[PDB]
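Sending over a structure as structure tokens; questions will come in a sec.
By letter and in written order, the chains are A, B, C and D; residue numbering begins at 1 in each of them.
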Amino acid sequence: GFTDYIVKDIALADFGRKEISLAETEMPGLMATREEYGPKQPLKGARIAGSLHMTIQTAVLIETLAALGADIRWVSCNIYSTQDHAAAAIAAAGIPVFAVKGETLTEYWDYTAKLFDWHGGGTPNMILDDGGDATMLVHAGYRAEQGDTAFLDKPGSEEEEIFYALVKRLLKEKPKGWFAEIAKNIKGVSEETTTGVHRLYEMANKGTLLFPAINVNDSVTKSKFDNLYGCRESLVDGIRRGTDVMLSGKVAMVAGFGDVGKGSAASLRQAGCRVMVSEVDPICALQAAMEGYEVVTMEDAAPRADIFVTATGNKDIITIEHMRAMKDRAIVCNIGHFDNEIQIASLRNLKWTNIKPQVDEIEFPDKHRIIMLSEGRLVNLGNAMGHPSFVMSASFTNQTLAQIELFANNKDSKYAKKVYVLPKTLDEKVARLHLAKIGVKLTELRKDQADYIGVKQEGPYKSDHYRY
Amino acid sequence: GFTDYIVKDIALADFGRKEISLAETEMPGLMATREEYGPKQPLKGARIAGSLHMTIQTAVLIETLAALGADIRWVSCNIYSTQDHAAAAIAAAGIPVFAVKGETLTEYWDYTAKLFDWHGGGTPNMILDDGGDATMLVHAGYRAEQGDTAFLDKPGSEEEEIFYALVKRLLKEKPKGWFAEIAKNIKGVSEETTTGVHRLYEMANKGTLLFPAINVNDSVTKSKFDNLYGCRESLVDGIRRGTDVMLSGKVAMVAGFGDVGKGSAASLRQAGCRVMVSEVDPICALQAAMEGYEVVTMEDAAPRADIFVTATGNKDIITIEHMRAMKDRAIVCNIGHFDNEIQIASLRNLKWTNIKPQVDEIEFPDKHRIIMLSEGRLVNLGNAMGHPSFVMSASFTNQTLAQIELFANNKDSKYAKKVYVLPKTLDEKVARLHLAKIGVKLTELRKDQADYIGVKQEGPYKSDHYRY
Amino acid sequence: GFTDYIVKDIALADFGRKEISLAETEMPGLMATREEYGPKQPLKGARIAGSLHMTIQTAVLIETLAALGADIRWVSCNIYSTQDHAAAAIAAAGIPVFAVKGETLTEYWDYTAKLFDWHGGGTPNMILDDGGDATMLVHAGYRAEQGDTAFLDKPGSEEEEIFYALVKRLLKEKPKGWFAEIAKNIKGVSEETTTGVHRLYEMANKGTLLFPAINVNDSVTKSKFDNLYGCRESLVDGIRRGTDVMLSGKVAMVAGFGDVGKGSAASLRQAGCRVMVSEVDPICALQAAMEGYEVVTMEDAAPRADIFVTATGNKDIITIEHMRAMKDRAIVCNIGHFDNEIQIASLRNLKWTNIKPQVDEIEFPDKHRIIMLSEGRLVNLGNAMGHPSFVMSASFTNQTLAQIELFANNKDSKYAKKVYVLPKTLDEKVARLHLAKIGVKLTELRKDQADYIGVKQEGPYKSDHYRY
Amino acid sequence: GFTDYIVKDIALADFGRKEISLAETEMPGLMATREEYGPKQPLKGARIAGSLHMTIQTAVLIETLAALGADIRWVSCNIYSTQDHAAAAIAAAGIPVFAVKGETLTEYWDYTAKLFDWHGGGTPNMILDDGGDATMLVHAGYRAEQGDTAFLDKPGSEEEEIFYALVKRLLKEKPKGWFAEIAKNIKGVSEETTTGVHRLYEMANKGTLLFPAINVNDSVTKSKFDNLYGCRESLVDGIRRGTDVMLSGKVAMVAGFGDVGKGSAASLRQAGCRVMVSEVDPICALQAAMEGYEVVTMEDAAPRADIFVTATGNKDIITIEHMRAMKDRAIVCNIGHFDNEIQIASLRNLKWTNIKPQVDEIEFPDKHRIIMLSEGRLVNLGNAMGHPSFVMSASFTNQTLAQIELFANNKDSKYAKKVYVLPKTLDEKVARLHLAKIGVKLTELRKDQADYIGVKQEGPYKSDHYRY
């Protein structure tokens, strides 16, 4: 009967379910959230369109939202990040999901569009986003629909051209006013990642943001955990699964020393690499120098590093000029959200030899080769399994609490068409939910100790400005 | 010739000059400040009263201020922290300084008052403060001079009696209106410490703050170096100098995991200890757990750890009950708040045996002993040498740019009678000034890249909410 | 065409060749050995029977032996360690290989026996062994063939029942005297691993060793590189691929702190675990303690560790009683050569649920579960890809040099029926061949300095009993 | 004795005693040895001449030897290594000691000679040596006494000149045959350090060794603990006390990656330095590269490192050409046994400015300076306190046992005029004595497990060639 999904192979559902069961044990924050909020059904009547890597971890999130009352449609936010067994389990549970590892860019955007065609008619009333692509579709569509169609005839990348072609097709095919109808019905968006959050604040600042938004990335229990420790665990996992290279004895270069760069550099250092870093920000650079990382330019690194990782959220970090200078069989990859950190398109006239899924060897006219991972897309999710469940539990608890805020706790319009963050009390609660599983025994302040440092015994323990 | 100083012994000057020269090499931020800002002489006409630990590192700051054009008078902000050779080199350079290691509290206050007797007869026009004592003298005198004198007759302590007696003395020995003359001439204060900033925010809230203030404590470069990196460099140094214990093998317990506890745990783990941590903040606790530290209560640690370090800023962290349970010759020290993390008064009826300065052995009735460092005062200052010069360069370069901001960049009254923090471009500038010496090569954004991430090429590169 | 092989799927050959090409770049020792010895063909006339994990790295070894003139037959030395694409590449090159990932124990032993059926008739004249199974088949058959057959009726396990049945089958199906013919024709064996080497010294001390043997494990460039750094890279790789667990925050227990145990503890510690160790040797225990590992018994660790790894080469390290006490979903695995470190057979009456290949969940009557990796067989090879190519280049250059010594350099009978180690000049040469690839710049002793410390400028640099 | 000693200040005895008491708790090996052998008095009749750094740790060894029945005379084996409180405590206990921190080379050698003038007449009958100076005095005097005197007129250093003048003075002043009488009466020497042991094997090879010798350095519980973990603790201790520089981010260069260099590199990396190494031995170089150190020549390092440490046992490692190329205020030191690793003599025509004890600034004609620690003598002992007590307990338990072997257990002449090492049974015993203090619980093999791996349940657990 149920056919409203696109997955690689529904027979993977049982395997998916086994690994989802294992992840539940490792995701105490999600599981406690189900227990606390299940009886309250705060998401009853929510119609959540999610665009977030369709992994086993995400499957636990999906089922949490469903356990709280939500009706759901889902897609991945990257073409290579889906775990097909996870997608199959979600589909077998009767939830619409459109996600295949190795789907094309065309497919990616057609699937994103399928979020907004709700079963039984109508549209979503919430978005849960990672990177802002779903949110961008609604806003670009609404822009074009109100008459400003000129940006669509003017593409400047392959993905961008596919995107514009999609918006034109929806405008042609859907009823008139369809983007405005969606816009009107979306009660809020919660956004997972640094790149997506930037896109939000750009819209808020231009006055074009169409609905309230919560920035989940800037919870301390997301940015200082997921971005940092998740990358610490999953960067080298992606490199090893892709290449099986010996990391001890190698020189690695990491571009960027923000939250993800700090994690990435650590990942490699802990695996035995001698790590160099680039930075444009002098504070971040000084932080890298204080951890004993050599801070150099990509020009200085290009001829000598064995492994290159972009972690900036910026564009044109590793250029064709750098790659021409690289040693034979240098490994290149990207852990930032989008592939344009590396000039992949500049390599497309060269000879590519596919080694295996998400691993390609690219040969230059002088016969030197480079090893490219996931065609420059997120290496941790492309070549491995992304961040482990325990850390994603912290991120996804924050997401769930964000969806509850926007969907259930905005009766008094406390959330306007602006970008908000979760309050410290909720940030601390998320951490508190993860302590027992890892055997942490938290100290309780006596009343006089609490008074002495100016806090309540139950928190919050730190000012909103505190950097951790 | 020059006689406007009070020091232990002016014959120490040559020795002081030799140590200052060595420090300069390790204070590149200050020395670069002299090079870059010297040509414009932005502190020409500044009359700076400084109250800050009269050490060799502070002398390099003093001479940097003078190299930028400033006329200066100086005192220590603490009776014990003066290095007499540093004071003597400053006096021998023709700069009024009133600082002697081990001066009385009465002398401490009379010397503070001498800041305000400018050569030629005026007052200072800038204050550079650590702890707020100089700023408090001005505010207390002003309050009294304006007719509200009752508070001067109600001292809470011996120290307070001495301060109040000083205020009374200045009201009789200086002209009517002297405190109002000082307040009208002070263009700003820059304050380095939490106790001093707390005092500023209390006055600003009560509408009693007499001039603009910059909170230097809050900058990323100041807080990280003073709290994190300085303790990371100096905690184990103090333990070794005091005890010469082998740290490999040993179990250490660190109470608190904010910036000082982070640095302290790291210092100990680096040195080979198996480190446990206590925390009351679930976020900090989760950070400690994710770094591989066992998070336990002090009751669980007490019978177990070989070394204890308090780093909380709170009181009654290590109690008599804990110390009764400790193993024989456990080492106990404090790196946090100046006093009363450890219940030192509770040990007052036990047998104390002095080993050497700042190291005592305490015997209990059951005959187990503990080794106490610095009588439970700060171990990095009592048993070692405090923060290394490079670390102090970060803080003092912040101070220098704050003095420039208030003295030279307030023509348009951007700084009113309120408490401000240094804007991010100056926090970034502090980092920039240290990069050449530590061997960092920074990357410059191209125009399209700066556009892409929504920053100017020259910074600032992060929002004011970014946590690093 | 050529059909003398058993592999999973010959169509994997192209994939295998691509990864073999990638491995060659990472294996400068083997590639330099080909260049040096290829013209002299020192293995022309060798008939090498290899029993060693049929991985991509081993494929480069096989092709090195062939380049030096050897005729070869190959099998894996573990039922789960074959890399099917490697096996397929070797079969497609026309080399007999009998190796499938996930072969049964019966297949395993029948394949081992196929080594000795040389193409055209007759036997091998060299053995290259890892763990001593091939060598044991020859000695056991010889023992039984000479009249001593009682041992064959007393199996101590399923594997032993199968092995004895094989020897019985061979004594019936092969000509009378076949084992003695094999024994007479084997010029030597080189042995890779600690366990196989122990088996060789057992036979040598008993006077039963039938041919000369080189102990390759005790080259410094093997034991202090491949056992140590190889496990440091590959243990956590196995655990991540099998479980995708978050290691930061977890407690792990490693049984053993010899070379493999040292590497294994480091693997886990570098990945973020709090690591405990067991040991029987007080020197190795004290080393673990000085490196900051908690040293405890398995009974102490059993209820509390999240991950258990056996690294001893001994038996009955993790017993049914331990496993009954483990926390729900503890992970258990083995990186020692044989599976009897864990009592897997004691688990066979419990409920086993397969998760995916080499990952099983086992449920006890009280409903707690454990996650078992590779059914207790080598986790690094079973759940991941074994040690990376670079470190295996050192081990396999030693192997190649040992095969040359026994096959080509024994005309004067310098190698009798005893166990030998390669000399320090060859061990230093193996290290030298790897320096350029990793960017090491070696210092040359001035003649006066060489004289001063009593070495030649070209080495050797250390005494034969130097421990590195 | 009452009179028979030279120390800096006998009034320091009480302080010395307090630190000795504290060290005893940290030295379970020595205290266990006193407890076992004190009642057996195995050293009764021994007259031990000890030449070993007169530190607090040595004071515990001396008092152990005395508790075992020994009569003792002692000197330091380095001019800057004495801890004057330690020396004073020994003098106050009535033991002849001639040791002052900062004694001259003339005094050093005169004090060594005093060893041999036994109180009450006669000579020692045992030597305990660290570096071989006491042993060299006997052998050089013997050589000259037997008629071969020409060498005494051909010194190659100032220290040799002093040494040869001493040998001449003794031949002139002592009775005819004095060196032959000493040589006859010495029953053995135990030697602590790698350089001293090299001196012994050289005498043994040329047949000039006059008495049996035990190489203590090559006990596993010495070489793999003291040389390695001791330096890991004490190298950075010396650099910090000497200089107080911030170590995070500094680049350091370590010459040598043997036991001491491995420890030294670890010391600096653990303190936050980015560490480079040099080596001549390709195996040791490959070890350094695999641990992530950049392996470079001193020529490459000279212009760029901030800190240089020589750890080779060789000479002319840091030449005047290297030092001319160093950056201003680079720090230079030596942790090898003698002051010729650095070309200190070539610096003597330059301007030296003393900073504090064991710290000097040397200015070159182009005005760049370097910071020299301890005039190029052992930095850990000269600028700090040497290795901490607990690891010295391991070395000094080996020494005590070696003294017992040579003095009490040579009735059957199992020890000839050659160099021996202690058996593994004793090496293991030393490790066992330290386990309880550090909290190790050792696992006990069942009989079947001991048989399975070919060891006795009580050990030894490893073959004599095992490298740990």
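In the analysis below, a residue touches a chain if its C-beta (ideal position, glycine included) is under 8 Å from a C-beta of that chain, and two chains touch if they have at least 3 such contacts.
Chemist: If I compare contact pairs by residue number, which of A-B, B-C or A-C overlaps with A-D on over half of them?
Modeler: Answer for A-D: the repeating interface is B-C.
Chemist: Applying the document's contact definition, name the chain pair with more C-beta pairs in contact, B-C or B-D.
Modeler: B-D
Chemist: How many degrees of rotation bring the Cα atoms of chain A onto the matching Cα atoms of chain B, given to the nearest 5?
Modeler: About 175 degrees, rounded to the nearest 5.
Chemist: Indicate the whole-number Å distance between the mean C-alpha point of chain B and the mean C-alpha point of chain D.
Modeler: Comparing mean C-alpha positions, chain D is 42 Å from chain B.
Chemist: Distance between chain B and chain C based on Cα centroids, please, to the nearest Å.
Modeler: Roughly 58 Å, centre to centre.
Chemist: Which positions in chain C are in touch with at least two other chains?
Modeler: As it turns out, chain C has residues touching two or more other chains at 229, 248-249, 272, 289-290, 294, 438-439.
Chemist: In the complex of these two chains, what residues of chain D are touching chain B?
Modeler: Residues in contact with chain B: 15, 18-19, 22, 25-26, 56, 229, 232-233, 237, 240-241, 244-249, 251, 270-272, 328-329, 353, 355, 361, 384-385, 387-391, 438-439.
Chemist: Contact residues on chain C for chain B in the complex?
Modeler: Per the touch definition, chain C meets chain B at residues 248-249, 269, 272-274, 289-292, 294.
Chemist: Using the touch rule from the top, collect the residues of chain C that touch chain D in their complex.
Modeler: Residues 198, 201-202, 218, 220-221, 223-225, 229, 278-290, 294-298, 300, 313-316, 427-428, 431-432, 434-435, 438-446, 448-449, 452-454, 459, 461-462, 465, 467-468.
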